[PDB]
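Engineer: Please read through the structure below; I'll follow up with questions.
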Amino acid sequence: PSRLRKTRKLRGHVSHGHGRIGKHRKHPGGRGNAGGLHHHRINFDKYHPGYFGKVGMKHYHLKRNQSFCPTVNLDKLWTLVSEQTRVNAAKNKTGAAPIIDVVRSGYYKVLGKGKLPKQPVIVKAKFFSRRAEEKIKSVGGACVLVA
Amino acid sequence: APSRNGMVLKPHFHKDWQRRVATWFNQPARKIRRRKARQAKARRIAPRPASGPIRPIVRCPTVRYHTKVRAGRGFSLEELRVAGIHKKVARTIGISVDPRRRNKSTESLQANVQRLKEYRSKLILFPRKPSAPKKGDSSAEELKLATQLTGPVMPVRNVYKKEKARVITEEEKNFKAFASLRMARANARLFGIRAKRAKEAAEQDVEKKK
RNA sequence: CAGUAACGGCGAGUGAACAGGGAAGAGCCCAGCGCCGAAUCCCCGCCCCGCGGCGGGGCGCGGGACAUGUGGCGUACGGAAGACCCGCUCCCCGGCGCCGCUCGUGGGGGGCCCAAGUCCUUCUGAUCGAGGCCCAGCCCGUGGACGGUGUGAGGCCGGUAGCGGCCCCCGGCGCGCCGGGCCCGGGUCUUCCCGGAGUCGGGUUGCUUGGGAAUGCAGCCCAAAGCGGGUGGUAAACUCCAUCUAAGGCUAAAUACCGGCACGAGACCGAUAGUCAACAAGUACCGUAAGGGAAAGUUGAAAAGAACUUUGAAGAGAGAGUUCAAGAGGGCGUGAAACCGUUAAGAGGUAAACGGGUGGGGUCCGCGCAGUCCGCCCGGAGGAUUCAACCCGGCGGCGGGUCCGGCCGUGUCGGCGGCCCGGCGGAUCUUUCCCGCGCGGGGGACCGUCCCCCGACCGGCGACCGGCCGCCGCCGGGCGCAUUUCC
RNA sequence: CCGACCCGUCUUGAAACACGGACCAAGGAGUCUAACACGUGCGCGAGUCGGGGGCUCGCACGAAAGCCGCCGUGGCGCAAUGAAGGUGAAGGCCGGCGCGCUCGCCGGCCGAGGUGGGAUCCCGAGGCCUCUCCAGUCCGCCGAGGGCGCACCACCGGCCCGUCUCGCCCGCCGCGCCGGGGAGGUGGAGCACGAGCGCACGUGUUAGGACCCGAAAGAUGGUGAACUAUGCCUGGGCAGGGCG
RNA sequence: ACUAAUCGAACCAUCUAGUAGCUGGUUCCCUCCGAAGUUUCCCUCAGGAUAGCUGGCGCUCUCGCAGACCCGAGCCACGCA
RNA sequence: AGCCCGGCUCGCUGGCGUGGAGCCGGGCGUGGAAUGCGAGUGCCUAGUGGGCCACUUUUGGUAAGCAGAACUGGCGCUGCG
RNA sequence: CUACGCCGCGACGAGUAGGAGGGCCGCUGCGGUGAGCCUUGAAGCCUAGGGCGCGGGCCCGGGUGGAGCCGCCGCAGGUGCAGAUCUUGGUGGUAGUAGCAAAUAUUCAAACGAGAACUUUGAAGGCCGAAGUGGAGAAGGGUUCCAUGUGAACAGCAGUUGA
RNA sequence: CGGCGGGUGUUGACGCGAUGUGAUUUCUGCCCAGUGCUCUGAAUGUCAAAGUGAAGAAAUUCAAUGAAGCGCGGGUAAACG
RNA sequence: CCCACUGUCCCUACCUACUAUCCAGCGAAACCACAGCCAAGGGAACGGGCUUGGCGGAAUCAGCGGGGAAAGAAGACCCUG
RNA sequence: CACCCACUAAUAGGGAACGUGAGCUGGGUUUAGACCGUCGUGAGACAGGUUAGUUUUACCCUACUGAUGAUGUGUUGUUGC
Ligand SMILES: [Mg+2]
Ligand SMILES: [Mg+2]
Ligand SMILES: [Mg+2]
Ligand SMILES: [Mg+2]
Ligand SMILES: [Mg+2]
Ligand SMILES: [Mg+2]
Ligand SMILES: [Mg+2]
Ligand SMILES: [Mg+2]
Ligand SMILES: [Mg+2]
Ligand SMILES: [Mg+2]
Ligand SMILES: [Mg+2]
Ligand SMILES: [Mg+2]
Ligand SMILES: [Mg+2]
Ligand SMILES: [Mg+2]
Ligand SMILES: [Mg+2]
Ligand SMILES: [Mg+2]
Ligand SMILES: [Mg+2]
Ligand SMILES: [Mg+2]
Ligand SMILES: [Mg+2]
Ligand SMILES: [Mg+2]
Ligand SMILES: [Mg+2]
Ligand SMILES: [Mg+2]
Ligand SMILES: [Mg+2]
Ligand SMILES: [Mg+2]
Ligand SMILES: [Mg+2]
Ligand SMILES: [Mg+2]
Ligand SMILES: [Mg+2]
Ligand SMILES: [Mg+2]
Ligand SMILES: [Mg+2]
Ligand SMILES: [Mg+2]
Ligand SMILES: [Mg+2]
Ligand SMILES: [Mg+2]
Ligand SMILES: [Mg+2]
Ligand SMILES: [Mg+2]
Ligand SMILES: [Mg+2]
Ligand SMILES: [Mg+2]
Ligand SMILES: [Mg+2]
Ligand SMILES: [Mg+2]
Ligand SMILES: [Mg+2]
Ligand SMILES: [Mg+2]
Ligand SMILES: [Mg+2]
Ligand SMILES: [Mg+2]
Ligand SMILES: [Mg+2]
Ligand SMILES: [Mg+2]
Ligand SMILES: [Mg+2]
Ligand SMILES: [Mg+2]
Ligand SMILES: [Mg+2]
Ligand SMILES: [Mg+2]
Ligand SMILES: [Mg+2]
Ligand SMILES: [Mg+2]
Ligand SMILES: [Mg+2]
Ligand SMILES: [Mg+2]
Ligand SMILES: [Mg+2]
Ligand SMILES: [Mg+2]
Ligand SMILES: [Mg+2]
Ligand SMILES: [Mg+2]
Ligand SMILES: [Mg+2]
Ligand SMILES: [Mg+2]
Ligand SMILES: [Mg+2]
Ligand SMILES: [Mg+2]
Ligand SMILES: [Mg+2]
Ligand SMILES: [Mg+2]
Ligand SMILES: [Mg+2]
Ligand SMILES: [Mg+2]
Ligand SMILES: [Mg+2]
């Protein structure tokens with residue numbers, strides 16, 4: 001809607017909101033990121049530290065698929081199964097524990113953030129964190145690995 | 001000229017982009033034309049399936065997707081020769097073939113050959129001369145059971161074999177998954193250098209006493 | 001994927017690919033090694049069948065190509081030949097007559113047609129305007145898109161709608177026939193055969209690329225191998241593995257389209273706008289040439305385009321006439337401002353013009369010119385149903401232990417009630433009833449939402465509705481005809 | 001009668017002897033796309049979004065609208081840190097034991113710690129009532145103090161990743177130049193019961209013609225020796241006297 | 001000097017709407033608020049970035065909102081200059 | 001967020017129950033000068049970055065309607081007597 | 001009591017560059033709506049007419065004109081001009097002004113004609129003075145050549161004449 | 001741009017090509033340090049690619065040899081001066 | 001520099017032709033914020049306008065060159081980019 | 001500016017956009033041509049010398065010079081202040 005814009009309120013004002021002294025000129029100061037080290041150095045230093053230079057090893061032909069390892073925390077772990085599984089395991093008289101396969105859910109690593117409800121469970125994952133393993137063992141569960 | 005806080009932006013508009021702009025105003029017309037072509041093809045091949053030849057069971061390559069299975073280009077020649085189908089007859093009866101695909105493992109081979117055998121079981125085949133039924137199929141089951149098949153033939157589905165809840169054994173409880181993974185990484189890293197050091201020690205061992 | 005990996009005075013900036021999901025989907029052929037009496041091909045004369053894009057067949061002690069290699073089999077997915085066994089599986093080519101009639105309802109092209117007001121009364125220059133058209137309403141409507149017609153029209157006209165009609169031509173799909181070609185496929189075993197060279201690759205140079213100790217391309221030099229060669233994104237040696245098979249060839253679809261032919265549409269522009277060009281526009285005109293390149297739309301419904309009289313040599317006038325209008329008269333719809341002529345009014349020696357305040361004059365406005373109204377009461381002079389109150393009928397508002405139903409919300413019960421005779425789901429358990437190796441797909445049970453259901457309790461009639469009552473209010477009709485009521 | 005210099009613009013300063021403007025009509029200059037950032041509105045919400053494709057008499061509108069869900073592939077978010085190999089975010093209280101050695105093994109509970117503020121809310125002694133009382137019945141208001149404390153702020157702890165220092169232990173089908181753990185500092189764009197996604201609008205910045213008009217220039221490809229400059233070919237022309 | 005009224009590099013078309021820190025212009029009304037020509041860095045001095053000055057959007061609190069006209073019934077707010 | 005009482009923790013310190021810091025309870029309101037005012041906090045952001053003048057102080061200059069500084073005010077951005 | 005409404009009290013009001021809000025200010029088109037307006041006269045334009053609003057502007061009367069137009073709720077812009085030595089078009093003052101002054105020169109009578117300084121005939125006076133103001137060609141022009149007729153426009157006065 | 005392409009050249013040192021000074025007369029002195037130009041390679045200093053040899057498992061590293069040029073040595077001013 | 005020569009001059013005058021001038025016909029352009037009488041003051045430091053005073057009388061003709069910091073060209077000199 | 005000759009009463013000093021270029025001239029400075037000296041390797045430079053080098057418009061407003069007229073006395077004229 002051009003009828004709601006500031007141009008419609010600037011009719012009759014000769015400078016169009018850009019000043020009489022400095023005016024509105026084409027490109028004072030350069031085009032784009034001009035002078036990032038010379039006359040716009042303060043802005044780049046103040047708001048973009050680390051912008052200039054090389055750090056680290058360069059690796060040609062990076063394949064993002066090779067390092068694909070999505071993660072799931074322990075507090076969200078029980079959401080990967082239906083609540084029917086949870087209540088069946090919780091109210092179960094025997095010591096039977098359900099098996100949660102996070103790879104089926106699309107997660108490869110089990111991270112250890114959060115806490116678990118105190119009931120045993122078997123977790124099928126490609127990778128486990130140390131604290132995630134400790135928390136699963138503490139509730140009587142077990143961790144198994146898949147490839 | 002930068003102004004206060006703000007993201008450093010790199011527009012790729014320095015290369016006279018206005019002469020090469022693709023507008024999509026023909027997108028609805030293109031969809032209509034594609035739908036008309038689809039309907040025309042489906043009417044052209046009257047009893048044959050609309051989508052076309054049956055496609056094989058195919059696991060996706062990389063480590064990101066190898067849990068997922070999809071449809072492939074065509075059945076491998078090994079699948080055809082163990083399913084009893086000639087590789088030149090298969091394309092005549094709606095079986096896509098792929099001469100350049102190998103079968104690295106037997107499980108996928110068995111899955112694809114069971115797919116082929118079940119498809120051959122479901123196939124209705126018309127004789128070349130309708131008045132002279134030679135060896136194709138019986139007229140009773142091809143009169144009113146012959147239907148245009150919509151969608152992909154025998155669609156590929158991800159099946160998840162459910163495993164039931166079980167009482168956790170002690171040897172699962174004593175398993176050390178983090179330690180096992182760390183030591184597996186260490187062994188994979190240090191395998192070659194360990195072999196070289198063992199070989200060096202063996203070379204020093206066979207000349208120590210002299 | 002991704003503005004990512006990477007490139008970049010690592011500055012400005014640049015910048016892919018794999019995998020994934022889709023649109024479409026189609027595969028093949030030589031050379032070479034071979035085998036087969038060159039099996040092969042072109043041209044020309046004669047005859048037959050044809051013409052319609054010039055072919056089919058037969059004949060030639062008729063020419064030529066070709067052993068410096070034609071054709072059949074055969075191609076990396078292996079192939080060939082012998083044996084053994086199994087299966088006869090039926091191809092493509094162009095016409096003869098016709099059906100389905102080709103098909104989202106014709107397959108295409110062309111042509112000619114198909115509903116209903118010019119009804120009554122009026123406006124107008126003309127009307128397509130306005131009012132009406134008893135039957136629930138002028139008529140048709142599968143047609144109320146559009147355009148024309150003296151306005152503004154579904155019914156005046158052309159069209160529009162319609163798996164509407166008729167006629168002509170053209171093309172591809174099945175059957176029996178026609179002329180002839182048409183030649184064995186699969187599985188097992190044995191015996192053989194297997195590949196593209198100034199090319200790959202290496203050095204160097206130059207360009208290019210995201211390709212970074214060099215991605216690709218090219219020049220020059222060197223110059224290959226056959227358990228070989230290429231690639232495996234950091235140069236090199238050793239070693240294992242993976243993957244493909246280069247230096248020969250073809251291939252539809254998805255895809256692009258500011259030129260062309262023919263169409264449809266638009267929240268676009270509306271004659272200084274929109275193409276330069278709405279018009280005898282790439283025209284007039286300019287430059288030696290390359291080339292540059294405009295301006296310019298509108299009388300009126302219909303020319304009905306001003307007969308005729310008169311002045312002037314004529315241009316041009318005054319009359320007359322047409323028209324609804326020439327205060328529309330051939331660049332003529334409307335006709336602004338700048339500027340000019342005349343008329344009227346006012347003023348004028350500090351250039352005009354301006355802000356504030358008054359005064360005078362003038363054009364107009366006030367239906368101005370005997371100045372508002374209207375509620376009650378009082379008084380007078382006149383009318384009139386009827387005023388109040390009761391009766392009958394109708395309808396509304398409010399209330400009622402729900403008086404009676406219909407119910408409604410939350411739960412609460414046994415679930416007779418649904419996997420046959422109710423669903424939808426579940427990362428819940430199972431044949432230990434059922435078809436795929438001790439290895440699935442079914443069918444079951446369970447759970448959760450539930451589906452309407454049988455009733456009852458709970459709070460209520462709610463803004464979800466009815467019937468009864470009781471009250472109130474209103475209206476219509478009676479009676480009430482005078483100290484009432486109203487005018 | 002009083003007041004009254006011509007506007008626009010640049011400028012410390014314009015009525016200026018500063019520039020533009022004779023008059024009138026029409027045209028005439030912050031736009032669109034892309035990418036951010038913040039604010040606001042809307043929907044859903046640890047999710048969100050079909051935008052590409054497909055399915056619906058194919059088409060008056062409709063190139064619209066509707067739907068897909070085993071089309072959510074994928075994007076953004078839900079996890080950070082390191083150059084990288086990689087690693088990757090829960091503690092408090094009551095206990096019995098070593099030796100409760102600044103710590104090693106379990107129980108039971110609780111479920112992201114504490115301090116100072118902290119809107120709001122809660123309890124609340126005591127008060128306010130009438131024709132009066134000795135007598136208590138139901139609810140309202142004011143109320144000193146007290147309590148739970150939202151968001152948010154300051155602080156002190158705690159947890160994850162990198163890097164130092166110190167030191168002691170544990171694990172095993174590989175007994176290793178193996179793996180793991182602790183305490184104390186420090187580096188992070190972190191955690192510490194999510195807040196994001198989509199769409200619209202506004203403002204600001206940037207790349208694009210980029211608010212409009214403006215160079216001297218540079219490059220590519222063509223046209224000119226009808227004027228002039230030079231060479232060549234072929235033509236034409238230049239009274240009358242003087243010196244000698 | 002001359003090279004078609006053009007010569008210290010002709011003319012035509014295109015790249016090209018070339019770039020410009022420089023000049024000129026930049027279109028309706030009312031209301032509210034309302035500056036700076038200073039610090040630091042820059043081949044910077046006719047310009048930018050930066051802090052400062054400005055506006056807008058808010059948000060977190062503070063005294064209470066007193067009696068329906070009447071009428072308070074030592075102690076009178078966080079905090080700021 | 002002050003003062004005063006107790007008590008607890010420390011691996012820092014150390015003749016010492018020492019010192020220092022931190023923590024946990026309690027009691028103190030005459031709110032510990034005047035005057036005025038309601039405060040705190042966050043995001044986005046334009047224009048500007050040529051200035052000039054005056055009292056006083058003041059540097060160079062013979063001086064300047066010159067050039068350069070400090071403080072306040074004004075003009076710029078401001079009409080009116 | 002259009003709660004986006006109405007009412008009360010107090011204080012205050014400068015403003016460039018700049019920022020924000022409101023606009024029942026204005027232009028154009030679209031979706032809605034007004035059983036809107038209009039040939040018994042729309043848009044547009046003119047007006048010493050009557051008013052409204054602080055203002056942007058708006059309504060009504062009169063005339064002209066001859067077929068379309070507007071209000072409200074939303075939507076969308078190629079949306080408002082005094083300037084830019086602005087673009088295009090038109091018009092003024094200058095102004096009946098500069099000027100119609102290079103190469104000696106015209107005069108009389110007559111004819112045609114509405115009209116004669118300029119046409120034509122006759123007479124007179126002159127100039128070019130054979131290196132011409134003569135007679136013919138090349139280049140270039142392209143019908144200007146010739147005859148008749150016209151007096152619109154052109155021949156910078158006129159014209160009965162003319163390329 | 002290119003071709004054993006083309007101009008001088010249908011030419012041959014009394015000719016082409018490149019310069020300075022500017023008829024005649026009379027003269028044209030000194031400087032080869034500098035910068036140019038040019039002659040000589042004399043053992044010869046430095047010197048690229050290719051080639052040669054050595055170390056290495058290879059990339060590679062090192063070494064040896066040494067074309068013009070530059071240095072080294074003459075000449076030249078009616079060459080700049 | 002000398003002789004001669006003359007209006008170059010003392011020191012100007014007179015004459016001739018074409019204009020200019022007036023008339024009939026025809027008929028532009030430059031330029032133009034508005035315009036046009038001065039002195040002084042102040043002021044962007046040399047006013048046509050403002051302040052104070054001097055004053056101010058229609059419409060014009062032929063000349064004129066003091067002013068309009070007259071017109072003509074976005075200063076070509078200087079500086080900046 | 002200076003200096004000299006001669007006369008003279010005296011041969012005083014200054015302003016008016018260093019008066020006066022739409023009044024003139026163009027000798028000088030101060031474009032492009034060219035020569036010399038100095039500087040520079042060179043292009044080229046020289047408040048160093050020399051020579052040749054386009055001086056445009058008024059018809060507008062005012063000012064001024066003249067020329068008609070205008071206001072008022074009824075018209076008109078003479079003589080006058
Ligand atoms: Mg303003
Ligand atoms: Mg500035
Ligand atoms: Mg991304
Ligand atoms: Mg590139
Ligand atoms: Mg597909
Ligand atoms: Mg062969
Ligand atoms: Mg019509
Ligand atoms: Mg119609
Ligand atoms: Mg009809
Ligand atoms: Mg039809
Ligand atoms: Mg490598
Ligand atoms: Mg028009
Ligand atoms: Mg046009
Ligand atoms: Mg010409
Ligand atoms: Mg005439
Ligand atoms: Mg009319
Ligand atoms: Mg007209
Ligand atoms: Mg200016
Ligand atoms: Mg100045
Ligand atoms: Mg001004
Ligand atoms: Mg002045
Ligand atoms: Mg000037
Ligand atoms: Mg200027
Ligand atoms: Mg001007
Ligand atoms: Mg102008
Ligand atoms: Mg306009
Ligand atoms: Mg859609
Ligand atoms: Mg995904
Ligand atoms: Mg707290
Ligand atoms: Mg902390
Ligand atoms: Mg920003
Ligand atoms: Mg521009
Ligand atoms: Mg330009
Ligand atoms: Mg250049
Ligand atoms: Mg010539
Ligand atoms: Mg620098
Ligand atoms: Mg400036
Ligand atoms: Mg100063
Ligand atoms: Mg200023
Ligand atoms: Mg101020
Ligand atoms: Mg002031
Ligand atoms: Mg104000
Ligand atoms: Mg515009
Ligand atoms: Mg204008
Ligand atoms: Mg303006
Ligand atoms: Mg004249
Ligand atoms: Mg004349
Ligand atoms: Mg003569
Ligand atoms: Mg002649
Ligand atoms: Mg004439
Ligand atoms: Mg003639
Ligand atoms: Mg010579
Ligand atoms: Mg000499
Ligand atoms: Mg040498
Ligand atoms: Mg010598
Ligand atoms: Mg004066
Ligand atoms: Mg200039
Ligand atoms: Mg200039
Ligand atoms: Mg002077
Ligand atoms: Mg003068
Ligand atoms: Mg002059
Ligand atoms: Mg001179
Ligand atoms: Mg000169
Ligand atoms: Mg000369
Ligand atoms: Mg005159």
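In the structure tokens, the first chain shown is A, the next is B, and so on; residue numbers restart at 1 for each chain, and ligands run from 1 in the order shown.
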Quick one: residues within 12 Å of ligand 46, with only C-alpha atoms (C1' of nucleotides) and all ligand atoms, as an MDAnalysis selection string?
Structural biologist: (chainID G and resid 95:100) or (chainID I and resid 19:23 26:27) or (chainID J and resid 59)
Engineer: Sort by chain and increasing residue number a table of all residues of chain D within 12 Å of ligand 35, each with its closest pair of atoms and their distance in Å to one decimal, counting only C-alpha atoms (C1' of nucleotides) and all ligand atoms, and write it as a tab-separated table.
Structural biologist:
```
residue	atom	partner	partner_atom_place_in_ligand_line	distance
D:225	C1'	ligand 35	1 (Mg)	6.0
D:226	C1'	ligand 35	1 (Mg)	7.7
D:227	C1'	ligand 35	1 (Mg)	8.5
D:228	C1'	ligand 35	1 (Mg)	8.6
D:229	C1'	ligand 35	1 (Mg)	10.3
D:230	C1'	ligand 35	1 (Mg)	11.2
```
Engineer: Check every protein, DNA and RNA residue against ligand 45, keep those with an atom at most 10 Å away (counting only C-alpha atoms (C1' of nucleotides) and all ligand atoms), and present them as a PyMOL selection string.
Structural biologist: (chain A and resi 12-15) or (chain D and resi 7-9) or (chain E and resi 25-27) or (chain G and resi 81-84)
Engineer: Write the residues of the preceding selection, restricted to N, CA and C atoms (P, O5', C5', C4', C3', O3' and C1' of nucleotides), as a PDB file, in the first residue's frame.
Structural biologist:
```pdb
ATOM      1  N   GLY A  12       5.440  18.559  -0.723  1.00  0.00           N
ATOM      2  CA  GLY A  12       5.522  19.947  -0.337  1.00  0.00           C
ATOM      3  C   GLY A  12       6.748  20.304   0.469  1.00  0.00           C
ATOM      4  N   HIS A  13       7.469  19.318   0.982  1.00  0.00           N
ATOM      5  CA  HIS A  13       8.728  19.537   1.677  1.00  0.00           C
ATOM      6  C   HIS A  13       9.849  19.267   0.689  1.00  0.00           C
ATOM      7  N   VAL A  14      10.654  20.294   0.408  1.00  0.00           N
ATOM      8  CA  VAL A  14      11.519  20.252  -0.767  1.00  0.00           C
ATOM      9  C   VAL A  14      12.576  19.167  -0.628  1.00  0.00           C
ATOM     10  N   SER A  15      13.076  18.949   0.582  1.00  0.00           N
ATOM     11  CA  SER A  15      14.185  18.026   0.764  1.00  0.00           C
ATOM     12  C   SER A  15      13.750  16.574   0.835  1.00  0.00           C
TER      13      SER A  15
ATOM     14  P     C D   7       8.405  38.119  -0.851  1.00  0.00           P
ATOM     15  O5'   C D   7       8.130  36.558  -0.982  1.00  0.00           O
ATOM     16  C5'   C D   7       9.199  35.637  -1.102  1.00  0.00           C
ATOM     17  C4'   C D   7       8.964  34.654  -2.218  1.00  0.00           C
ATOM     18  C3'   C D   7       9.785  33.380  -2.152  1.00  0.00           C
ATOM     19  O3'   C D   7       9.208  32.408  -1.307  1.00  0.00           O
ATOM     20  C1'   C D   7       9.947  34.285  -4.314  1.00  0.00           C
ATOM     21  P     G D   8      10.143  31.488  -0.393  1.00  0.00           P
ATOM     22  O5'   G D   8      10.956  30.611  -1.437  1.00  0.00           O
ATOM     23  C5'   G D   8      10.345  29.512  -2.085  1.00  0.00           C
ATOM     24  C4'   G D   8      11.281  28.861  -3.069  1.00  0.00           C
ATOM     25  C3'   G D   8      12.629  28.425  -2.537  1.00  0.00           C
ATOM     26  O3'   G D   8      12.586  27.226  -1.792  1.00  0.00           O
ATOM     27  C1'   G D   8      12.932  29.537  -4.575  1.00  0.00           C
ATOM     28  P     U D   9      13.520  27.078  -0.501  1.00  0.00           P
ATOM     29  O5'   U D   9      14.979  26.931  -1.100  1.00  0.00           O
ATOM     30  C5'   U D   9      15.301  25.898  -2.009  1.00  0.00           C
ATOM     31  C4'   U D   9      16.674  26.114  -2.573  1.00  0.00           C
ATOM     32  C3'   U D   9      17.782  26.213  -1.547  1.00  0.00           C
ATOM     33  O3'   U D   9      18.230  24.937  -1.146  1.00  0.00           O
ATOM     34  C1'   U D   9      18.000  27.947  -3.140  1.00  0.00           C
TER      35        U D   9
ATOM     36  P     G E  25      17.463  24.622  -6.418  1.00  0.00           P
ATOM     37  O5'   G E  25      16.356  23.578  -6.869  1.00  0.00           O
ATOM     38  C5'   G E  25      15.302  23.968  -7.730  1.00  0.00           C
ATOM     39  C4'   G E  25      14.559  22.773  -8.263  1.00  0.00           C
ATOM     40  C3'   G E  25      13.678  22.036  -7.273  1.00  0.00           C
ATOM     41  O3'   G E  25      12.417  22.654  -7.086  1.00  0.00           O
ATOM     42  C1'   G E  25      14.978  20.482  -8.472  1.00  0.00           C
ATOM     43  P     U E  26      11.665  22.529  -5.674  1.00  0.00           P
ATOM     44  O5'   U E  26      11.388  20.972  -5.525  1.00  0.00           O
ATOM     45  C5'   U E  26      10.416  20.315  -6.321  1.00  0.00           C
ATOM     46  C4'   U E  26      10.445  18.831  -6.073  1.00  0.00           C
ATOM     47  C3'   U E  26      10.153  18.411  -4.647  1.00  0.00           C
ATOM     48  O3'   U E  26       8.768  18.336  -4.388  1.00  0.00           O
ATOM     49  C1'   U E  26      12.096  17.308  -5.406  1.00  0.00           C
ATOM     50  P     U E  27       8.188  18.832  -2.983  1.00  0.00           P
ATOM     51  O5'   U E  27       6.681  19.203  -3.300  1.00  0.00           O
ATOM     52  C5'   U E  27       6.360  20.312  -4.128  1.00  0.00           C
ATOM     53  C4'   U E  27       4.997  20.161  -4.747  1.00  0.00           C
ATOM     54  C3'   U E  27       3.929  19.570  -3.833  1.00  0.00           C
ATOM     55  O3'   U E  27       2.666  20.161  -4.122  1.00  0.00           O
ATOM     56  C1'   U E  27       4.203  18.190  -5.730  1.00  0.00           C
TER      57        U E  27
ATOM     58  P     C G  81      -0.768  19.479  -8.766  1.00  0.00           P
ATOM     59  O5'   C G  81       0.565  20.278  -8.446  1.00  0.00           O
ATOM     60  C5'   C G  81       0.628  21.191  -7.359  1.00  0.00           C
ATOM     61  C4'   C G  81       1.935  21.941  -7.345  1.00  0.00           C
ATOM     62  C3'   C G  81       2.166  22.865  -8.534  1.00  0.00           C
ATOM     63  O3'   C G  81       2.943  23.983  -8.114  1.00  0.00           O
ATOM     64  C1'   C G  81       3.851  21.216  -8.485  1.00  0.00           C
ATOM     65  P     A G  82       2.221  25.318  -7.595  1.00  0.00           P
ATOM     66  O5'   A G  82       2.871  26.472  -8.473  1.00  0.00           O
ATOM     67  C5'   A G  82       2.919  26.377  -9.891  1.00  0.00           C
ATOM     68  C4'   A G  82       4.284  26.724 -10.428  1.00  0.00           C
ATOM     69  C3'   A G  82       5.346  25.660 -10.226  1.00  0.00           C
ATOM     70  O3'   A G  82       6.309  25.792 -11.265  1.00  0.00           O
ATOM     71  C1'   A G  82       5.955  27.596  -9.024  1.00  0.00           C
ATOM     72  P     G G  83       6.859  24.498 -12.027  1.00  0.00           P
ATOM     73  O5'   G G  83       8.158  24.111 -11.199  1.00  0.00           O
ATOM     74  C5'   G G  83       9.454  24.201 -11.778  1.00  0.00           C
ATOM     75  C4'   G G  83      10.023  25.594 -11.689  1.00  0.00           C
ATOM     76  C3'   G G  83      11.537  25.664 -11.527  1.00  0.00           C
ATOM     77  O3'   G G  83      12.019  26.831 -12.189  1.00  0.00           O
ATOM     78  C1'   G G  83      10.515  26.736  -9.707  1.00  0.00           C
ATOM     79  P     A G  84      12.867  26.713 -13.544  1.00  0.00           P
ATOM     80  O5'   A G  84      13.791  25.444 -13.307  1.00  0.00           O
ATOM     81  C5'   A G  84      14.945  25.530 -12.492  1.00  0.00           C
ATOM     82  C4'   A G  84      15.512  24.168 -12.212  1.00  0.00           C
ATOM     83  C3'   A G  84      16.011  23.397 -13.417  1.00  0.00           C
ATOM     84  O3'   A G  84      17.323  23.799 -13.766  1.00  0.00           O
ATOM     85  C1'   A G  84      14.778  21.974 -11.954  1.00  0.00           C
TER      86        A G  84
END
```
Engineer: Residues of chain A within 8 Å of chain C, counting only C-alpha atoms (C1' of nucleotides) - could you list those as a ChimeraX atom specification?
Structural biologist: /A:33-34,53-54,59-63,65,80-82,84-85,88,100
Engineer: Emit the selected residues as a short mmCIF file (atom, residue, chain, number, x, y, z; two decimals), in the first residue's frame, including C-alpha atoms.
Structural biologist:
```cif
data_model
loop_
_atom_site.label_atom_id
_atom_site.label_comp_id
_atom_site.auth_asym_id
_atom_site.auth_seq_id
_atom_site.Cartn_x
_atom_site.Cartn_y
_atom_site.Cartn_z
CA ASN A 33 30.78 -2.99 1.99
CA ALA A 34 33.27 -0.42 0.74
CA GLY A 53 41.13 -13.03 8.11
CA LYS A 54 41.39 -16.81 7.96
CA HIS A 59 38.36 -28.79 3.53
CA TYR A 60 37.51 -29.14 -0.15
CA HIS A 61 34.32 -30.96 -1.16
CA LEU A 62 32.55 -30.95 2.17
CA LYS A 63 29.67 -33.42 2.11
CA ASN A 65 25.51 -35.91 4.54
CA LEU A 80 9.09 -40.37 20.52
CA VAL A 81 6.66 -43.10 21.61
CA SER A 82 2.92 -42.97 22.11
CA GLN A 84 -0.03 -45.67 25.43
CA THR A 85 3.49 -47.12 25.54
CA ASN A 88 1.57 -49.48 29.72
CA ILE A 100 12.62 -46.60 22.02
#
```
